[PDB]
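Listing of target.cif, mmCIF, N, CA and C atoms and all ligand atoms
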data_data
loop_
_atom_site.label_atom_id
_atom_site.label_comp_id
_atom_site.auth_asym_id
_atom_site.auth_seq_id
_atom_site.Cartn_x
_atom_site.Cartn_y
_atom_site.Cartn_z
N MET A 1 141.90 81.09 -180.75
CA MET A 1 143.35 80.88 -180.74
C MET A 1 143.93 81.14 -179.36
N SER A 2 145.18 80.73 -179.16
CA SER A 2 145.86 80.90 -177.87
C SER A 2 146.56 82.26 -177.78
N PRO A 3 146.64 82.86 -176.58
CA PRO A 3 147.18 84.22 -176.40
C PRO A 3 148.52 84.46 -177.09
N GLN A 4 149.43 83.51 -176.95
CA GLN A 4 150.78 83.63 -177.51
C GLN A 4 150.76 83.88 -179.01
N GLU A 5 150.05 83.03 -179.74
CA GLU A 5 149.91 83.16 -181.18
C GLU A 5 148.98 84.32 -181.52
N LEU A 6 148.07 84.65 -180.60
CA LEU A 6 147.18 85.78 -180.81
C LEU A 6 147.95 87.09 -180.82
N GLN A 7 149.16 87.07 -180.32
CA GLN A 7 150.03 88.22 -180.44
C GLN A 7 150.43 88.35 -181.90
N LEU A 8 150.84 87.22 -182.48
CA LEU A 8 151.14 87.16 -183.90
C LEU A 8 149.85 87.36 -184.70
N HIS A 9 148.72 87.15 -184.04
CA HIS A 9 147.43 87.40 -184.66
C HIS A 9 147.25 88.89 -184.87
N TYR A 10 147.64 89.68 -183.88
CA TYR A 10 147.57 91.13 -183.98
C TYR A 10 148.54 91.60 -185.04
N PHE A 11 149.60 90.82 -185.21
CA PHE A 11 150.62 91.12 -186.20
C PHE A 11 150.10 90.83 -187.60
N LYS A 12 149.60 89.61 -187.82
CA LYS A 12 149.18 89.20 -189.16
C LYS A 12 147.80 89.75 -189.49
N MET A 13 147.11 90.26 -188.47
CA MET A 13 145.73 90.72 -188.57
C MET A 13 145.50 91.57 -189.82
N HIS A 14 146.45 92.43 -190.12
CA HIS A 14 146.35 93.27 -191.29
C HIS A 14 147.70 93.41 -191.97
N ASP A 15 148.68 92.62 -191.55
CA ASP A 15 149.99 92.66 -192.18
C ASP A 15 150.03 91.75 -193.39
N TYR A 16 149.66 92.31 -194.53
CA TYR A 16 149.69 91.58 -195.78
C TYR A 16 150.85 92.07 -196.62
N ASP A 17 151.76 92.79 -195.98
CA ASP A 17 152.89 93.39 -196.67
C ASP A 17 154.21 92.75 -196.23
N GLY A 18 154.16 92.03 -195.12
CA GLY A 18 155.32 91.29 -194.63
C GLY A 18 156.52 92.17 -194.31
N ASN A 19 156.30 93.43 -193.96
CA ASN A 19 157.41 94.34 -193.66
C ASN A 19 157.78 94.28 -192.18
N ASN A 20 157.10 93.39 -191.46
CA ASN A 20 157.33 93.18 -190.03
C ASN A 20 156.88 94.39 -189.22
N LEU A 21 156.01 95.20 -189.82
CA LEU A 21 155.48 96.38 -189.16
C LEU A 21 154.02 96.60 -189.52
N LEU A 22 153.34 97.34 -188.66
CA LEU A 22 151.95 97.66 -188.86
C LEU A 22 151.73 99.16 -188.81
N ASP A 23 151.26 99.71 -189.91
CA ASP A 23 150.88 101.13 -189.97
C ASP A 23 149.44 101.28 -189.50
N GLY A 24 148.98 102.50 -189.28
CA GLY A 24 147.60 102.72 -188.85
C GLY A 24 146.60 102.06 -189.78
N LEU A 25 146.90 102.06 -191.07
CA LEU A 25 146.04 101.44 -192.07
C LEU A 25 145.86 99.96 -191.77
N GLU A 26 146.95 99.31 -191.40
CA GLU A 26 146.91 97.92 -190.98
C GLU A 26 146.23 97.83 -189.62
N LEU A 27 146.71 98.65 -188.71
CA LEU A 27 146.32 98.59 -187.31
C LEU A 27 144.86 98.94 -187.07
N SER A 28 144.19 99.48 -188.07
CA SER A 28 142.79 99.85 -187.93
C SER A 28 141.94 98.66 -187.47
N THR A 29 142.32 97.46 -187.88
CA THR A 29 141.63 96.26 -187.44
C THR A 29 142.25 95.69 -186.17
N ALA A 30 143.57 95.78 -186.08
CA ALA A 30 144.32 95.08 -185.05
C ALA A 30 144.27 95.81 -183.72
N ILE A 31 144.45 97.13 -183.77
CA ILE A 31 144.55 97.94 -182.57
C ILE A 31 143.27 97.89 -181.75
N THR A 32 142.18 97.52 -182.40
CA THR A 32 140.92 97.33 -181.71
C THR A 32 141.07 96.31 -180.58
N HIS A 33 142.10 95.48 -180.67
CA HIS A 33 142.44 94.54 -179.62
C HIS A 33 143.70 94.96 -178.89
N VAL A 34 144.71 95.35 -179.66
CA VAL A 34 146.03 95.64 -179.11
C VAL A 34 145.97 96.74 -178.06
N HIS A 35 145.31 97.85 -178.40
CA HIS A 35 145.18 98.94 -177.45
C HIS A 35 144.06 98.64 -176.47
N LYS A 36 144.36 97.76 -175.52
CA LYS A 36 143.42 97.41 -174.47
C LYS A 36 143.01 98.66 -173.69
N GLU A 37 141.75 99.04 -173.82
CA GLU A 37 141.26 100.21 -173.11
C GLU A 37 140.35 99.77 -171.97
N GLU A 38 139.14 99.35 -172.30
CA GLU A 38 138.21 98.83 -171.30
C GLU A 38 138.10 97.32 -171.44
N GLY A 39 139.25 96.67 -171.55
CA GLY A 39 139.30 95.23 -171.70
C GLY A 39 140.73 94.75 -171.81
N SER A 40 140.91 93.44 -171.92
CA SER A 40 142.24 92.86 -172.05
C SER A 40 142.48 92.38 -173.48
N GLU A 41 141.96 91.20 -173.81
CA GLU A 41 142.07 90.67 -175.15
C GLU A 41 140.81 90.97 -175.96
N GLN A 42 139.73 91.27 -175.24
CA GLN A 42 138.46 91.59 -175.87
C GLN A 42 138.50 92.96 -176.52
N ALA A 43 137.99 93.05 -177.73
CA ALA A 43 137.90 94.31 -178.45
C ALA A 43 136.87 95.20 -177.81
N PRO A 44 137.29 96.33 -177.23
CA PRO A 44 136.37 97.26 -176.64
C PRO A 44 135.70 98.13 -177.69
N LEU A 45 134.86 97.50 -178.52
CA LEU A 45 134.01 98.21 -179.47
C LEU A 45 133.09 99.19 -178.75
N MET A 46 133.64 100.35 -178.48
CA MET A 46 132.97 101.39 -177.73
C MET A 46 132.46 102.48 -178.66
N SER A 47 133.37 103.02 -179.46
CA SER A 47 133.07 104.06 -180.43
C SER A 47 134.20 104.10 -181.44
N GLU A 48 133.86 103.84 -182.71
CA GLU A 48 134.85 103.73 -183.78
C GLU A 48 135.76 104.96 -183.87
N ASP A 49 135.20 106.15 -183.70
CA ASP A 49 135.99 107.37 -183.81
C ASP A 49 136.92 107.53 -182.61
N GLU A 50 136.41 107.20 -181.43
CA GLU A 50 137.22 107.18 -180.23
C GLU A 50 138.30 106.11 -180.37
N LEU A 51 137.91 105.01 -180.99
CA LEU A 51 138.81 103.90 -181.27
C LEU A 51 139.89 104.33 -182.25
N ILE A 52 139.54 105.25 -183.15
CA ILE A 52 140.51 105.84 -184.07
C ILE A 52 141.60 106.57 -183.29
N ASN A 53 141.18 107.35 -182.30
CA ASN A 53 142.13 108.05 -181.43
C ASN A 53 142.90 107.04 -180.59
N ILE A 54 142.24 105.93 -180.27
CA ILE A 54 142.87 104.82 -179.59
C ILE A 54 143.99 104.23 -180.46
N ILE A 55 143.71 104.10 -181.76
CA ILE A 55 144.70 103.63 -182.71
C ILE A 55 145.84 104.63 -182.81
N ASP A 56 145.49 105.91 -182.96
CA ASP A 56 146.47 106.99 -182.93
C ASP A 56 147.34 106.86 -181.70
N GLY A 57 146.68 106.67 -180.56
CA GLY A 57 147.38 106.52 -179.29
C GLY A 57 148.44 105.44 -179.34
N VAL A 58 148.24 104.45 -180.19
CA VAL A 58 149.24 103.43 -180.41
C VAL A 58 150.42 103.98 -181.19
N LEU A 59 150.13 104.55 -182.36
CA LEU A 59 151.17 105.04 -183.26
C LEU A 59 151.91 106.21 -182.64
N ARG A 60 151.34 106.76 -181.59
CA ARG A 60 151.88 107.94 -180.94
C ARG A 60 152.45 107.62 -179.56
N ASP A 61 151.91 106.61 -178.87
CA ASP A 61 152.41 106.28 -177.53
C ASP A 61 152.82 104.81 -177.39
N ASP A 62 151.99 103.87 -177.87
CA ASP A 62 152.31 102.44 -177.74
C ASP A 62 153.50 102.08 -178.61
N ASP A 63 153.73 102.91 -179.62
CA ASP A 63 154.95 102.86 -180.40
C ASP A 63 156.08 103.50 -179.59
N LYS A 64 156.88 102.65 -178.97
CA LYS A 64 157.88 103.11 -178.02
C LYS A 64 159.13 103.62 -178.72
N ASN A 65 159.29 103.27 -179.99
CA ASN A 65 160.52 103.58 -180.71
C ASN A 65 160.36 104.82 -181.58
N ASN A 66 159.16 105.40 -181.54
CA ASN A 66 158.85 106.60 -182.33
C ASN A 66 158.98 106.32 -183.82
N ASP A 67 158.58 105.12 -184.23
CA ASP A 67 158.61 104.75 -185.64
C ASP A 67 157.22 104.89 -186.26
N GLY A 68 156.21 104.91 -185.41
CA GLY A 68 154.85 105.08 -185.89
C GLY A 68 154.21 103.76 -186.29
N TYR A 69 154.91 102.67 -186.04
CA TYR A 69 154.39 101.35 -186.33
C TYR A 69 154.47 100.49 -185.09
N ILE A 70 153.71 99.41 -185.05
CA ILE A 70 153.75 98.53 -183.91
C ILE A 70 154.39 97.18 -184.29
N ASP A 71 155.51 96.90 -183.64
CA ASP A 71 156.25 95.65 -183.83
C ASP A 71 155.76 94.60 -182.83
N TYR A 72 156.17 93.34 -183.03
CA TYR A 72 155.76 92.26 -182.14
C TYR A 72 156.03 92.62 -180.69
N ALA A 73 157.23 93.12 -180.41
CA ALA A 73 157.61 93.48 -179.04
C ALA A 73 156.79 94.67 -178.54
N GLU A 74 156.33 95.49 -179.47
CA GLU A 74 155.58 96.68 -179.13
C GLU A 74 154.17 96.30 -178.74
N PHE A 75 153.48 95.56 -179.60
CA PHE A 75 152.12 95.17 -179.30
C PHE A 75 152.09 94.11 -178.21
N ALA A 76 153.17 93.33 -178.08
CA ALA A 76 153.28 92.37 -176.99
C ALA A 76 153.23 93.10 -175.66
N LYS A 77 153.94 94.22 -175.58
CA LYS A 77 153.91 95.05 -174.38
C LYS A 77 152.57 95.75 -174.24
N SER A 78 151.93 96.02 -175.37
CA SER A 78 150.72 96.82 -175.38
C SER A 78 149.51 95.98 -174.98
N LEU A 79 149.47 94.73 -175.45
CA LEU A 79 148.35 93.84 -175.18
C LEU A 79 148.53 93.13 -173.83
N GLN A 80 149.75 93.17 -173.29
CA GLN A 80 150.00 92.65 -171.95
C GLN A 80 150.24 93.80 -170.98
CA CA B 1 152.75 95.66 -192.63
CA CA B 2 157.34 101.02 -183.39
#

Show how you would write the structure in this file as structure tokens.
Amino acid sequence: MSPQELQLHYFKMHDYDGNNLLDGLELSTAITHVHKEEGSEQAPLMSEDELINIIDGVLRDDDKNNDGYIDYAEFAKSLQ
């Protein structure tokens, strides 16, 4: 897919609730891409547990609004 829609890909990746937000439960699949650590769009499958903290790092830091979820504008900033 193309990067632009791939942003919505990170959104729909685990958003089966349509609340326009992603909790860690959702983000467990998505943040593997969104939280670019040792890569850009590529999933840095380095260590699942470290990746868990990476996911936390999203809900704790990449979440700029302190809501604990990642919105389109949030992950857009995070993946770019
Ligand atoms: Ca959701
Ligand atoms: Ca948020």

Expected answer as a ChimeraX atom specification: residues within 8 Å of ligand CA 1 (chain B), only N, CA and C atoms and all ligand atoms:
/A:11,14-23,26-27

Tell me, as a PDB file with N, CA and C atoms, keeping the file's coordinate frame, which residues lie within 6.5 Å of region 34-36 of chain A, counting all atoms listed in the file; anything in the same chain fewer than 6 positions away does not count.
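The result, written out as out_2.pdb:
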ATOM      1  N   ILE A  54     142.240 105.930-180.270  1.00  0.00           N
ATOM      2  CA  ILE A  54     142.870 104.820-179.590  1.00  0.00           C
ATOM      3  C   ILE A  54     143.990 104.230-180.460  1.00  0.00           C
ATOM      4  N   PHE A  75     153.480  95.560-179.600  1.00  0.00           N
ATOM      5  CA  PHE A  75     152.120  95.170-179.300  1.00  0.00           C
ATOM      6  C   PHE A  75     152.090  94.110-178.210  1.00  0.00           C
ATOM      7  N   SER A  78     151.930  96.020-175.370  1.00  0.00           N
ATOM      8  CA  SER A  78     150.720  96.820-175.380  1.00  0.00           C
ATOM      9  C   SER A  78     149.510  95.980-174.980  1.00  0.00           C
ATOM     10  N   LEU A  79     149.470  94.730-175.450  1.00  0.00           N
ATOM     11  CA  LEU A  79     148.350  93.840-175.180  1.00  0.00           C
ATOM     12  C   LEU A  79     148.530  93.130-173.830  1.00  0.00           C
TER      13      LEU A  79
END

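In this model, the gap between atom N of residue 64 (chain A) and atom N of residue 38 (chain A) comes to 19.2 Å.
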
Check every protein, DNA and RNA residue against ligand CA 2 (chain B), keep those with an atom at most 6 Å away (counting only N, CA and C atoms and all ligand atoms), and present them as a PDB file with N, CA and C atoms, keeping the file's coordinate frame.
ATOM      1  N   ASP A  63     153.730 102.910-179.620  1.00  0.00           N
ATOM      2  CA  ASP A  63     154.950 102.860-180.400  1.00  0.00           C
ATOM      3  C   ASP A  63     156.080 103.500-179.590  1.00  0.00           C
ATOM      4  N   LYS A  64     156.880 102.650-178.970  1.00  0.00           N
ATOM      5  CA  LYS A  64     157.880 103.110-178.020  1.00  0.00           C
ATOM      6  C   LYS A  64     159.130 103.620-178.720  1.00  0.00           C
ATOM      7  N   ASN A  65     159.290 103.270-179.990  1.00  0.00           N
ATOM      8  CA  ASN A  65     160.520 103.580-180.710  1.00  0.00           C
ATOM      9  C   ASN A  65     160.360 104.820-181.580  1.00  0.00           C
ATOM     10  N   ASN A  66     159.160 105.400-181.540  1.00  0.00           N
ATOM     11  CA  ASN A  66     158.850 106.600-182.330  1.00  0.00           C
ATOM     12  C   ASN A  66     158.980 106.320-183.820  1.00  0.00           C
ATOM     13  N   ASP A  67     158.580 105.120-184.230  1.00  0.00           N
ATOM     14  CA  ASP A  67     158.610 104.750-185.640  1.00  0.00           C
ATOM     15  C   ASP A  67     157.220 104.890-186.260  1.00  0.00           C
ATOM     16  N   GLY A  68     156.210 104.910-185.410  1.00  0.00           N
ATOM     17  CA  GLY A  68     154.850 105.080-185.890  1.00  0.00           C
ATOM     18  C   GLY A  68     154.210 103.760-186.290  1.00  0.00           C
ATOM     19  N   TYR A  69     154.910 102.670-186.040  1.00  0.00           N
ATOM     20  CA  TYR A  69     154.390 101.350-186.330  1.00  0.00           C
ATOM     21  C   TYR A  69     154.470 100.490-185.090  1.00  0.00           C
ATOM     22  N   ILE A  70     153.710  99.410-185.050  1.00  0.00           N
ATOM     23  CA  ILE A  70     153.750  98.530-183.910  1.00  0.00           C
ATOM     24  C   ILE A  70     154.390  97.180-184.290  1.00  0.00           C
ATOM     25  N   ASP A  71     155.510  96.900-183.640  1.00  0.00           N
ATOM     26  CA  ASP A  71     156.250  95.650-183.830  1.00  0.00           C
ATOM     27  C   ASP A  71     155.760  94.600-182.830  1.00  0.00           C
TER      28      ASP A  71
END

Have a look at atom N of residue 80 (chain A) and CA of residue 49 (chain A) and let me know their distance in Å, one decimal.
22.4 Å

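Residue nearest residue 77 (chain A), chosen from A:10, A:51, A:62, A:29 and counting all atoms listed in the file: A:62.
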
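What separates atom C of residue 32 (chain A) from CA of residue 44 (chain A) is a distance of 6.2 Å.
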
Could you work out an axis-aligned box for region 60-70 of chain A, taking every atom the file lists and adding 3 Å on each side, and report centre and edge lengths in Å to one decimal, as JSON?
{"center_x": 155.9, "center_y": 102.6, "center_z": -181.9, "size_x": 15.2, "size_y": 16.8, "size_z": 14.9}

Would you mind writing down, as a PyMOL selection string, each residue of chain A that DSSP on the backbone assigns to helix (DSSP H, G or I)?
chain A and resi 3-12+24-34+48-62+72-79

Write out as a short mmCIF file (atom, residue, chain, number, x, y, z; two decimals) with N, CA and C atoms, in the coordinates of the input each polymer residue whose atoms come within 8 Å of residue 12 (chain A), counting all atoms listed in the file; drop sequence neighbours fewer than 5 positions from it.
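Writing the result to selection05.cif gives the following:
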data_model
loop_
_atom_site.label_atom_id
_atom_site.label_comp_id
_atom_site.auth_asym_id
_atom_site.auth_seq_id
_atom_site.Cartn_x
_atom_site.Cartn_y
_atom_site.Cartn_z
N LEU A 6 148.07 84.65 -180.60
CA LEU A 6 147.18 85.78 -180.81
C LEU A 6 147.95 87.09 -180.82
N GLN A 7 149.16 87.07 -180.32
CA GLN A 7 150.03 88.22 -180.44
C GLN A 7 150.43 88.35 -181.90
N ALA A 30 143.57 95.78 -186.08
CA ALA A 30 144.32 95.08 -185.05
C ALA A 30 144.27 95.81 -183.72
#
